Structures are given as structure tokens and as C-alpha cells.
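>>> This one is an experimental structure. Sequence first:
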Amino acid sequence: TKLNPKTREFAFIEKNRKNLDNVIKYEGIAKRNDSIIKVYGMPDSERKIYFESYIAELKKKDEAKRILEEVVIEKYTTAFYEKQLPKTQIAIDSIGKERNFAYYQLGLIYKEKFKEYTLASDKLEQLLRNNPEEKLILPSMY
Ligand SMILES: *[C@H]1O[C@H](CO)[C@@H](O)[C@H](O)[C@@H]1O
């Protein structure tokens, strides 16, 4: 808004703003699919206990905030929600495919539309490091 149009800097910032919705979308997709993959690699009740403790702490903080302004069932529901992992094998294959595609897209966007050459490096290296889809491997190598 403050930048004067027709300027080079205005065009640069406009391009960065435009190619940022894709960055946010693919980063969120990759992050959530990575979380799913890591939690599915070994679904352990220790993670359930830790998440329940954190949710209880958040409940206590919210109650304290409500007090300043003037549990067990929810813990069990959250534990059940942890049991909402995809209990198949084609589903996790699709999730891994989505994660790899998100990494590839993020690397391509960083290299091309941002000229980063650093974040794209880790993106493509991590994509190549975890069983790529055999179609992205060679373009990512290039
Ligand atoms: C990412 O999100 C999934 C959603 O279930 C979690 O299970 C995982 O532990 C990580 O927080």
C-alpha cells in the first residue's frame, strides 16, 4: 500500500506476496504430513501421555485466563483423536506421496520464484533423502 507502483521494488514485493500463498499452503501440507508420518512410524502411548499433559496445561491456562477476566473426558477424547491415524497402507502411501510432492513444490518455488538457493537446497535434499516417488527424483537432482 505504501510502496509507489511502477517501481522495481513494488514489482518485487508484489511477486513475493503473490508467490507466498503457495509457500504457506505447501509448507502447511508438508508439515502436517511429516507429523503424520513421524507419529505413524511408531505410535506410542508416551506421545499420548505427553499430549494429554500439554492439553491439560492449556486447559488450566484457559481457566486461569477466564478467572482473570472476571478434563478427564476431554483427555480421553483427545486420546481417541490420536487413534484417528489412517489404519491402512494405501492411505499412508498417499500421505507420503503428498509430503514428497509438497517438498518438491516448495523446493521449486524457493529456487525459482524467490531465488533463495538455500531453503530450496534443504527442501530438495530432504525430498531425495526419503524414498522419492521415482518421478521427482531426477528433476529434483537436476
Ligand atoms: C501432526 O499431526 C498429526 C495429526 O494427528 C499428529 O498425530 C502428529 O503427532 C503431529 O502433531
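It's in. Numbering: from 1, shown residues only.

>>> Give me every residue in the protein lying close to the ligand.
32, 35-36, 39, 82 (Cβ under 6 Å from any ligand atom). Every C-beta, even on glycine, is put in place using the N, C-alpha and C of the backbone.

>>> Of these, which is the nearest to the ligand?
Proximity of the residues of the chain next to the ligand to the ligand (Cβ to the nearest ligand atom) peaks at residue 35, which lies at 2.3 Å.

>>> Next, that closest one: secondary structure please.
Look at residue 35: counting by DSSP: H, G, I helix; E, B strand; the rest coil, its state is helix.

>>> Could I get the full set of helices for the protein?
Using DSSP state H, the helices of the chain run over 8-18, 21-41, 45-69, 72-82, 90-112, 119-129, 137-141.

>>> Show me just the buried residues among the residues of the chain next to the ligand.
residue 36 (16 or more other Cβ atoms under 10 Å).

>>> re the thing from before, minimum distance to residue 2: which of the helices of the chain has it?
Smallest distance to residue 2 across the helices of the chain (Cβ to Cβ): 9.8 Å, for helix 8-18.

>>> For the closest one, give me every contacting residue.
3-4, 113-114 (Cβ atoms under 8 Å, 6 or more residues apart in numbering).

>>> Of these, just the buried ones, PyMOL syntax please.
This is the PyMOL syntax for the buried subset of these, where burial follows 16+ other Cβ under 10 Å:
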select buried, resi 114
